[PDB]
Every structure is written in C-alpha cells, then in structure tokens.
C-alpha cells in the first residue's frame, strides 16, 4: 500500500535514504542534550517549553531510527540492487507518531506566547483536535497511495482543511499575543510563525509524491523532504522556542537566564 514497495533500489538510492534518516537521528539527539542543559536557565513559567523540545527530540529521533532500521530490515542487496524481502516498511509510522509530537510542538508555542489557565487549555484542546483530524485523515489517505490515487487526493483535501484551520488558530494566537512578549521576542515569534508555515507545508508536498513522481527517485525525494521538514519543524523551531523562553525569562528577572545570556 506504499509506493516504496513497488521498486528495487540502487545502492546509491538505498544508502542515501539510510544516511538521511541516520543523520536525522544524530541531529535530534545532539539537540536533545543542548535543550536539556539549557533548561536550567529557563524560568519556571517557560521551562516546560524546553522540556517539550526534549520530548520531541527523542520521540522524533526514535521514529527516524525506527524508519532507518525498518528500511534495512525490509530490503536486501541481491543481484545488484536492493530488493524487497519483507512488506514491513511504511511511512505510516510517522503519522502515528505525529499524534504525539505535533501536540508537543503546538503546546510549547502556546507556553512562550504567555497563554495561561483556561485560554491555554481551550486553545490547546482545539489545536490538538484539529491536528489529530489532519493526521488521521492523512494517515487513511496514504494507505491508498498505490491502490487509489484519487482517494489519496480526497483524504488529502480533507486533511488540508484541518491543516488550514489549525494554522489559522496558530497565526491568530501568535499575532494577537506578540504584544505580551518580552525582551524583543515579539519580533522573534513572527519568524517562528513563518518557519512553521514553511516547514509544515513540506509534509503535504511529500504526501503528494506518489501523484507526481511515482518512481524510486520520488521515494528518495520524499525522504529528503521529510528530513528537511523534520529538522526545520522540530530542531530549528525548538531552538527558536528555547531562545524565546530564555530571553523572556531574563526580561522577567530570572537570574539564571540573565547570567546565561550574559556569558
């Protein structure tokens, strides 16, 4: 049910996909250590936002590791190409994991936007419902990327509706709350918005690869898009969220944040 199963792979194609995923693992787990160490310089009000980046680093890192091992489990080099041995690799495992990681990405945004109490809980609930609707419909849609491309497109259209509503909530909360933000992070958070719009849109482009490049090189392109998108939406994003957290902490008078930025 996945286009990966349709092709034999050259060593170059197969090993490049493996190296992309392994590089992704190393980037996420290196970033994890950074987020862990700097969390002590974040004030209590914001510290969960940096903890959430640690959670996302390990959760996404584990899925990228799992995809890499599944990839090498599923194929063997036979007669000059990597040939399918087991019908077990699928990008669908990424979608299941997004059910956890996308809420974490959204929640750490809400924390540095200074949302509290009922608004934080209400906003998180609606964002997570929209995200889950997007993920579930996209997951069903990619089950058909071989058998029924029309069905892939229609589930993709429904998923995109959820995506667009989710992004409207995200953008509205960012632009309505950037005046609360301290230490110049009213500017920084605007760039976070655009980083999200760019990086998250790479995922529906990857989803459509079976429709516009259904060959072994499109399989590579999709893994490349996922890799660009993962590093941008989780690592670069998380570094920006943590910068905003530490900068607002120092502006609020948290001494460890002030001393950390002074060094």
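Residue numbers count along the first chain shown, from 1. In this text, rigid core is short for the largest set of C-alphas that superpose within 1.5 Å between two forms.
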Check your understanding: Which of 74-82 and 87-95 lies farther, on average, from the shown form in 6 other deposited structures of this protein once the rigid core is superposed (C-alpha RMS)?
Key -> 87-95
Check your understanding: Between 82-90 and 152-160, which has the higher average C-alpha B-factor in the PDB entry?
Key -> 82-90
**Study point:** Average Cα temperature factor in the PDB entry - higher stretch of 38-46, 190-198
**Key:** 38-46
**Study point:** Options 17, 25, 239, 250 - largest CA temperature factor per the record
**Key:** 250
Check your understanding: Compared with the other modelled residues in the chain, in which third is the CA B-factor of residue 71?
Key -> middle
**Study point:** Relative C-alpha B-factor of residue 165, binned into the chain's lowest, middle or highest third
**Key:** middle
Check your understanding: Taking the C-alpha B-factors as the PDB entry records them, is residue 11 in the lowest, middle or highest third of its chain?
Key -> highest
Check your understanding: Ranked by Cα temperature factor within the chain, is residue 133 in the lowest third, the middle third or the highest third?
Key -> middle
Practice item. Check where residue 141 lands among this chain's C-alpha B-factors and tell me if it's the lowest, middle or highest third. Key: middle
